[PDB]
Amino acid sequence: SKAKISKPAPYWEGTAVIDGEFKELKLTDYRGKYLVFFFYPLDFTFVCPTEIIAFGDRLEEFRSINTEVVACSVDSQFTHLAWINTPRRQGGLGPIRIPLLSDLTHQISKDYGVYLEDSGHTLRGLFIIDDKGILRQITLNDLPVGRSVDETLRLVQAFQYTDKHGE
């Protein structure tokens, strides 16, 4: 694992799905803004994707504080694309406004210390990266428990407040 608090967050690049198209995406495309970078275990499971949907539905609240949100699994960009194109009712994701980055090679998961070598995918990991590319926060959940948009917004707001005013 290369992810260390107060150090540049580890570099990543891959293929994401953004508004239904394949795009090359780099961690460093987000310099100048806070980034919530998070991992989820797999597309197309039998468990509703409440957390991705929750982050998707609430994106303008991140955007109004100069923050982007990128989600990532070990799935191919082709799987992400199909998942998005499957309607929510059939067990799919549906349209989403959050980029789904593919970590097909697993390099990215390993660098972020979230990769489950016995399973082949990640745990639930979330990372808050500031506008200088510095890693400010790490949250790792065992699989059965998701993340909260509200907790994430508090953390982002607090790191931004302390960046300007100290303490």
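Heads up, when I say rigid core I mean the largest set of C-alphas that superpose within 1.5 Å between the two forms. So that there is no doubt, residue numbering starts at 1 and follows the sequence shown.
The stretch that strays farther, by root mean square C-alpha distance over structures and residues in 6 other deposited structures of this protein after a rigid core fit, is 41-49, when 41-49 is set against 124-132. Stretches 20-28 and 5-13 differ in mean CA B factor, with 20-28 having the higher one. Comparing the deposited coordinates for 86-94 and 70-78, the stretch with the larger average C-alpha B-factor is 86-94. Highest CA B-factor among 113, 120, 56, 133, as stated in the entry: 56. Sorting 65, 138, 36, 42 by the CA temperature factor given in the entry leaves 65 at the top. Residue 125: CA B factor in the lowest third of modelled residues in this chain (values from the PDB entry).
Annotation for residue 100: C-alpha temperature factor in the middle third relative to the rest of the modelled chain, per the entry.
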